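Next up: a single chain in structure tokens, the form deposited in one PDB entry.
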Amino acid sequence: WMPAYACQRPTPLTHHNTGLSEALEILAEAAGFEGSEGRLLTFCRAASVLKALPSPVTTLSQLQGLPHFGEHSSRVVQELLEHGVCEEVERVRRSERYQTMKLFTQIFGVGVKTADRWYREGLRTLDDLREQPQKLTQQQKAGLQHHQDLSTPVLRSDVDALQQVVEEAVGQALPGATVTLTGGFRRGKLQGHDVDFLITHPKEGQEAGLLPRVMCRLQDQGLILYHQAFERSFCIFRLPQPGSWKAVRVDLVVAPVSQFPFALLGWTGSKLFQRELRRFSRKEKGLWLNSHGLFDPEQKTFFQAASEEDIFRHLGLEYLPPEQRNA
């Protein structure tokens, strides 16, 4: 009843087991802070299974047979059902290690390995990081300088205003080029931590050199606070606000139209959905999937897709619209 891959089942944005999935995702996050990507994946998968169930779980017996639910994840659910709280989860929640790792890794430019080094060096606050600016890359400095704004949820009004200015810069840089909203907002989310845009042109090859031209034109309009030939740009915008402005993270990607369905699929997510889809592709169908194409390593050929639907079908998967990819 429950397939093992997240790409084989609908996962809507609103589901019926937020309490259980949120607890399992704390353990997944903590597993990553300690350097166990395997444990992180399992806990993420178990949480995602609960998001795909049609009703709330109220008895431990409702977990029998579900993939990715073993002794550990079942004990967590069990404790939550009986006592409303899981000791392990609360221990992690309150721990200085978890709180400081979450604080540091939330910084744009800081990952687990960087945050772990700083923690081992005794650092605990953002001010501690500001004290010693020599130990900061230019990317981390931008992330730290705009951390407050970047912690404010991005709203749909922000998306619409951002798309207008991106579309204007793109149109000035290359007539006929298009801008597609991707990421969580394409999956139907009402908030987010950034905005993701995918850019192409209907005539293969015309998009060459586009992203630098777009960035220059945004910078000349005073819209760029930070950015780094390139096809992916992880920026921070200076988004006008009534009488003021706020910093917003914006990802711009350029793809040739031949790759557009694969880039759209990859950049629409969710993150777990794409990992599971790529694992399914390779492990179950012997095909290599990424945001550029779908590769057959035996024939040494690429699958010519015209749409996301074509990709799902070539993989033998029932099509899922973006709003059902919230694994």
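Start at 1 with the first residue shown and count on from there. We call the rigid core whatever largest set of C-alpha positions still superposes within 1.5 Å between the two forms.
Asker: Which of the two stretches, 230-238 or 147-155, moves more in 8 other deposited structures of this protein when the core is held fixed, judged by C-alpha RMS distance?
Answerer: Once the core is superposed, the stretch further away in 8 other deposited structures of this protein is 230-238.
Asker: 283-291 versus 55-63: which one's CA atoms end up farther from this form in 8 other deposited structures of this protein after a core fit?
Answerer: Higher average C-alpha offset in 8 other deposited structures of this protein goes to 55-63.
Asker: Per the entry, how many residues of the deposited chain go unmodelled between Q228 and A229: none, 1 to 3, 4 to 9, or 10 or more?
Answerer: Unmodelled stretch: 10 or more residues.
Asker: Look over 151-159 and 127-135 in the entry and identify the one with the greater average Cα temperature factor.
Answerer: In the deposited entry, the stretch with the higher C-alpha B-factor mean is 127-135.
Asker: Regarding 270-278 and 30-38, which shows the higher C-alpha temperature factor on average in the entry?
Answerer: Between 270-278 and 30-38, it is 30-38.
Asker: Pick out which of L289, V57, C44, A52 has the highest C-alpha B-factor in the PDB entry.
Answerer: Out of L289, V57, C44, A52, the record gives the largest C-alpha B-factor to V57.
Asker: Checking the record values for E79, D196, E167, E207, which has the greatest CA B factor?
Answerer: Highest CA B-factor of the listed options: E79.
Asker: Grab the CA temperature factor for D116 from the record and place it in the lowest, middle or highest third of its chain.
Answerer: It belongs to the middle third of the chain when residues are ordered by C-alpha B-factor.
Asker: According to the PDB entry, is the CA B factor of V85 in the bottom, middle or top third of its chain, that is, lowest, middle or highest?
Answerer: Its C-alpha B-factor belongs to the highest third of this chain's values.
Asker: For the chain shown, is the CA B-factor of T200 in the lowest, middle or highest third of its modelled residues?
Answerer: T200: CA B-factor falls in the lowest third of its chain.
Asker: Rank-wise, by C-alpha B-factor, drop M2 into the lowest, middle or highest third of its chain.
Answerer: For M2, whose C-alpha B-factor we compare with every modelled residue in the chain, the answer is the highest third.
Asker: Per the entry's values, where does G122 land by CA temperature factor relative to the rest of its chain, in the lowest, middle or highest third?
Answerer: Its C-alpha B-factor, which the entry lists for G122, ranks in the highest third among residues of this chain.
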